[PDB]
Every structure is written in structure tokens, then in C-alpha cells.
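A.B. asks: Can you read through this structure? Questions will come right after.
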Amino acid sequence: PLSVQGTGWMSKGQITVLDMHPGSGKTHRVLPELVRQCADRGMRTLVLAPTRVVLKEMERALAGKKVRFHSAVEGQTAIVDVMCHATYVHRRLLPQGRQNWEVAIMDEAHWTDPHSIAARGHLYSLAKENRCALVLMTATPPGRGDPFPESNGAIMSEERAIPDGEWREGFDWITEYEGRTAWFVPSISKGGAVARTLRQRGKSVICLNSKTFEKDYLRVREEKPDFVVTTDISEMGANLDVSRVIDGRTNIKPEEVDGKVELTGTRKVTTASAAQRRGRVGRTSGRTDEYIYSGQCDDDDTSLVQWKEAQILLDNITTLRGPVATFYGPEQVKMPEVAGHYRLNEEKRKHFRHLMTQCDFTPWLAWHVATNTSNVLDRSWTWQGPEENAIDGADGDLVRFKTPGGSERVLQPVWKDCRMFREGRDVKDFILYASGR
Ligand code: NI
């Protein structure tokens, strides 16, 4: 790529967007050569991988005394640091983890996870302040997008009715297909239903989502399943080795409604997501791959809570001093409040980070708890909410738990986040924290 030829991309203040179409080799070949160019020249470099899977891939033939790796971490002891998007945010929530680099390279910089938005927002702000060089690598950069970008090989894109979960008759083209398929679903619940029918038809299935990706994605090339039923987690560099993509073009849609994070209905994916889902196939020029979709894209995702959670993380990995931080360029329009609105002190920030790393709290719930609570062992907010926030158990009844002293309470949080009781998270897990374990 022309922009990264020579050394000009290394100067402080330079922002390089490596937006090559999928299959160009940006992750496994262009990035390691960028890292090795930074390493043999003694420049402090930060490399951000989307997930731990890709981190260990990035590791191969790079780690040593030159490149120092991190699995969220908190250890201090190395000019090139390679870590995940969330690990970068989590380390900057610490006083001991606010180190800076003169060159920063972020792979899959399109990820709309709040940690990724805050990570590229902070690095973009540092680059705009002439304090580091920034390289963003993604086939779908933030901005205007094409749902059908170029591929290395031909893709047959055809609109078809796609089952909304299980199906009993019809949709024969699904099971007749000779080859492996990647089926994108809006949620884990929908993916479970799709997987039931597929296994009933005698097909091998591997389900990929936010909780199973780090462990099960490795089994895809090993076992070569007929179908990979995945959420949007596979839009960030996953090589599923399939010849057909089935894409309902929908996604779950966490929104803050009436001070509560709701999980109702689905939204049409953005043009960037559909391009990334379609980008799973056509990766080279041999055969003709298939992209079966349904519906049109919707780029207006401003109402999603991920943008508020991104500013929540960005405000707490930055400091009141100096210039105000922003989201990456075009995404700044979606910052819901003025920056710094969610900044907490060092004491509340440790509680804020503890709820996320040790209690699996969402950034939204972790912030609301940390900013209104004074004692980290106090759990009274979990049962002092309004009657509308009462949580039902697996049997549909009220969730009753005993505090360590003997008192019986009903799960009723002041701040209700529906993501804590479904989509990978179990209501039992919230009870362990509520009951004081
Ligand atoms: Ni890639």
C-alpha cells in the first residue's frame, strides 16, 4: 500500500487508514511487516488486535525481548506492545497502565464494540495532538460505505428469504448446498434456534458468539463444520473458510430507553457490517462464492447504547487536563454528551473497572453503579429499584436471594441492564454478586 511505503507513516501526527478490500492480507502480512519496521528502528509501538485469537496469531514469529505481549492485564516490566482493543482500555483505567506509544497500529478498526470505539477515539485524539502516529486497518472504515465492495474473487449476491430461527418446510437451498456456510444471526438466542434445525437435518454446526469465540473459533478449521452459526463477532478478522454466507442482515440492538437498557427486536445492520459479513467469502479468485442476504442496510445506529458506553470508557481512559478527547473523526457526531461527562475519580474508576473485569458488568451498568455507590461491598442497589425492574427467574417467578446476614431480598436493581440476564450472561451470575460472593 502506497501510504505506508517509506517512513512517512511513522511521523507523529500522521493518520493512515489502510482500507484495502478484504483478502488483501492486511492482518497476517502487512501488519507484521509494519511491526518489524517499527521494532528494528527502536520506536515505541502499540499494536491492537480485535480478539485474543488474533493476538496469538499476531504473536507467531514476533514475540521476544522486542515484542512484549499482554493477555485485560495489569503487569509492568519492551518497545513493541501487542494487546487487544479491550486490554488497551482496561489498562488505561489503571494509574499504572497509562503508558504512551509514538506509533499505534489498530487492526479491524471498524469494530463498534464500546472498547474499540474508545480505543480508536483516544488514539485519534493523540494523533491529532501530534503525540503519536496512528494506522487504522479495516476494509470498512468509519464513514460512507458500500455493502458490496470488491473481493479478490467473484461473489454471487442474491436476496432470498432467510428463516428467522427454526424452520419446518421449504428453504431447501440451505441444506442442498455442497460446501461450508457461514450463517450470521442477530443474537445468541436466534443462533441457537438456527443451530437446532441444522443439527436436526444432520449437519455439523459450530456456534460463534461473544462468549464462545475465543474457545470455539479455533475448532472451525480443525473440524470444518457444514455451518458456522455466528453473531457479528465474526466480522472482525475471522477466517471461517466458507464458500457461502447466509446473512439475515439483522443485529441485536441494545438501547437505553427510560433509563434502562432494553433488548427488544432487531435492527438492520449498517452497510459496514453487511460488507464485513459478505467479506467472509470471495477472499480469492478461484471459484465463485455466494452471499445470500435479506433486507436493506441501515447506517443510522446512533440510538445504540454502544456509543454512550464508548464515551463512558473514553472519558475514564483520558484526563481532564489537556485537549478534550473525541471519537474517531466521523464517529464524533454520535458521542451523546460533551466529552468528560462520564469521567470518574481514581477511587470510583477502580470500582468501575473491577465491576467489568471481575463481575462481567457492562460498561453502562458498571458506570451507573460506580458513580452512585460509595462502598464496594454494598449490594443494596440490586434490590432497591422500582417494581418495574423486578427480574424473573428461570421458572418465571421472582428471584429471591439471601444476603450473608440472613435477609431475603428480591432481585430489583436500581439500574436495569437487560444484557446481564441473557445473551451469554446468566441471571445466576448476577445473584452471586447480589448475595455477596
Ligand atoms: Ni483482516
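Ordering of the C-alpha cells sets the chain letters (A, B, ...); residue numbers start at 1 within each chain; ligands are numbered from 1 in the order shown.
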If you run DSSP over the backbone, which residues in segment 6-141 of chain A end up strand (DSSP E)? Put them as a PyMOL selection string.

C.D. replies: chain A and resi 15-18+45-49+67-69+80-84+103-107+133-137

A.B. asks: Would you mind exporting the chosen residues as a compact mmCIF listing (two decimals), in the first residue's frame, restricted to N, CA, C and O atoms?

C.D. replies:
```
# COMPACT_ATOMS: atom_id res chain seq x y z
N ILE A 15 -2.01 10.20 10.30
CA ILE A 15 -3.10 9.24 10.44
C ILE A 15 -3.25 8.53 9.11
O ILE A 15 -3.62 9.16 8.10
N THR A 16 -2.98 7.23 9.09
CA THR A 16 -3.04 6.42 7.88
C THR A 16 -4.16 5.40 8.03
O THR A 16 -4.16 4.61 8.98
N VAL A 17 -5.11 5.42 7.10
CA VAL A 17 -6.22 4.48 7.07
C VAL A 17 -5.93 3.46 5.97
O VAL A 17 -6.05 3.78 4.78
N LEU A 18 -5.55 2.25 6.37
CA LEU A 18 -5.29 1.17 5.41
C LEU A 18 -6.61 0.47 5.15
O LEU A 18 -7.00 -0.47 5.85
N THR A 45 6.04 1.14 19.99
CA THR A 45 4.90 0.86 19.13
C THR A 45 3.84 0.08 19.89
O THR A 45 4.15 -0.81 20.68
N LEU A 46 2.58 0.43 19.64
CA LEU A 46 1.43 -0.28 20.19
C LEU A 46 0.66 -0.94 19.05
O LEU A 46 0.38 -0.30 18.03
N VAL A 47 0.33 -2.22 19.23
CA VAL A 47 -0.43 -2.98 18.25
C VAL A 47 -1.70 -3.48 18.93
O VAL A 47 -1.63 -4.14 19.98
N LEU A 48 -2.85 -3.17 18.35
CA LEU A 48 -4.14 -3.53 18.91
C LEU A 48 -4.82 -4.55 18.01
O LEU A 48 -5.13 -4.26 16.85
N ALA A 49 -5.03 -5.76 18.55
CA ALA A 49 -5.75 -6.86 17.92
C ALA A 49 -7.19 -6.90 18.41
O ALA A 49 -7.47 -6.53 19.55
N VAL A 67 9.16 -7.72 21.25
CA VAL A 67 7.71 -7.56 21.28
C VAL A 67 7.19 -8.22 22.55
O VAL A 67 7.41 -9.41 22.77
N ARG A 68 6.49 -7.43 23.36
CA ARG A 68 6.08 -7.82 24.70
C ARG A 68 4.55 -7.88 24.73
O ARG A 68 3.88 -6.92 24.34
N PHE A 69 4.01 -9.02 25.16
CA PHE A 69 2.61 -9.35 24.95
C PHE A 69 1.79 -9.24 26.23
O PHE A 69 2.32 -9.29 27.34
N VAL A 80 7.77 -2.78 21.67
CA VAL A 80 6.55 -3.09 20.93
C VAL A 80 5.61 -3.82 21.88
O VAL A 80 5.97 -4.88 22.43
N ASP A 81 4.42 -3.27 22.08
CA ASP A 81 3.40 -3.86 22.94
C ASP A 81 2.20 -4.23 22.09
O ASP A 81 1.64 -3.38 21.39
N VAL A 82 1.81 -5.51 22.14
CA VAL A 82 0.69 -6.03 21.36
C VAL A 82 -0.36 -6.53 22.34
O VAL A 82 -0.05 -7.30 23.25
N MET A 83 -1.60 -6.09 22.15
CA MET A 83 -2.68 -6.42 23.07
C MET A 83 -4.01 -6.30 22.33
O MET A 83 -4.05 -5.95 21.14
N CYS A 84 -5.10 -6.58 23.04
CA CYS A 84 -6.43 -6.48 22.48
C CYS A 84 -6.98 -5.06 22.62
O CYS A 84 -6.43 -4.23 23.35
N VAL A 103 4.00 5.22 18.02
CA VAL A 103 3.35 4.63 16.86
C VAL A 103 2.28 3.67 17.36
O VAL A 103 2.55 2.85 18.25
N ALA A 104 1.08 3.76 16.79
CA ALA A 104 -0.04 2.91 17.17
C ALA A 104 -0.68 2.35 15.92
O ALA A 104 -1.04 3.10 15.00
N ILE A 105 -0.82 1.02 15.88
CA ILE A 105 -1.45 0.32 14.77
C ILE A 105 -2.63 -0.47 15.32
O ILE A 105 -2.44 -1.33 16.20
N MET A 106 -3.83 -0.19 14.82
CA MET A 106 -5.05 -0.84 15.28
C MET A 106 -5.66 -1.62 14.13
O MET A 106 -6.03 -1.04 13.10
N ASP A 107 -5.76 -2.94 14.30
CA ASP A 107 -6.36 -3.80 13.30
C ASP A 107 -7.86 -3.92 13.53
O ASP A 107 -8.34 -3.87 14.67
N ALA A 133 1.86 8.56 15.94
CA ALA A 133 1.39 8.18 14.62
C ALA A 133 0.36 7.07 14.76
O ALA A 133 0.48 6.20 15.63
N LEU A 134 -0.67 7.10 13.90
CA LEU A 134 -1.78 6.17 14.01
C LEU A 134 -2.03 5.51 12.66
O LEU A 134 -2.10 6.19 11.63
N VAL A 135 -2.17 4.19 12.68
CA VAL A 135 -2.53 3.41 11.49
C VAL A 135 -3.79 2.62 11.82
O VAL A 135 -3.77 1.75 12.70
N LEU A 136 -4.87 2.93 11.12
CA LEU A 136 -6.13 2.21 11.25
C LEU A 136 -6.31 1.29 10.05
O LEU A 136 -6.23 1.74 8.90
N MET A 137 -6.55 0.01 10.32
CA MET A 137 -6.62 -1.01 9.28
C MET A 137 -7.99 -1.67 9.32
O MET A 137 -8.32 -2.36 10.29
```

A.B. asks: Using only C-alpha atoms and all ligand atoms, which residues of the polymer chains come no farther than 6 Å from ligand 1? I'd like the answer as an NGL selection string.

C.D. replies: :A and (26-27 or 237)

A.B. asks: Take the residues that were just selected and, keeping N, CA and C atoms, output them as a PDB file, in the first residue's frame.

C.D. replies:
```
ATOM      1  N   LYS A  26      -4.055  -7.692   4.965  1.00  0.00           N
ATOM      2  CA  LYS A  26      -3.712  -6.593   5.862  1.00  0.00           C
ATOM      3  C   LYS A  26      -3.308  -7.087   7.245  1.00  0.00           C
ATOM      4  N   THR A  27      -3.919  -8.172   7.721  1.00  0.00           N
ATOM      5  CA  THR A  27      -3.686  -8.622   9.090  1.00  0.00           C
ATOM      6  C   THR A  27      -2.436  -9.490   9.196  1.00  0.00           C
ATOM      7  N   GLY A 237     -12.136 -10.027  11.404  1.00  0.00           N
ATOM      8  CA  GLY A 237     -10.963 -10.791  11.037  1.00  0.00           C
ATOM      9  C   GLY A 237     -11.108 -12.296  11.076  1.00  0.00           C
TER      10      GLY A 237
END
```

A.B. asks: Could you please determine the separation between atom CA of residue 344 of chain A and atom CA of residue 366 of chain A in Å, to one decimal place?

C.D. replies: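 Result for atom CA of residue 344 of chain A versus atom CA of residue 366 of chain A: 11.7 Å, one decimal.
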
A.B. asks: Neighbouring residues of residue 152 of chain A were defined as those with any atom within 12 Å, considering only C-alpha atoms; residues of the same chain fewer than 4 positions away were excluded. Please report them as a PyMOL selection string.

C.D. replies: chain A and resi 20-25+279-289

A.B. asks: List every residue of segment 215-278 of chain A that DSSP, applied to the backbone of this structure, places in helix (DSSP H, G or I), and write the result as a ChimeraX atom specification.

C.D. replies: /A:215-216,219-223,232-235,271-278
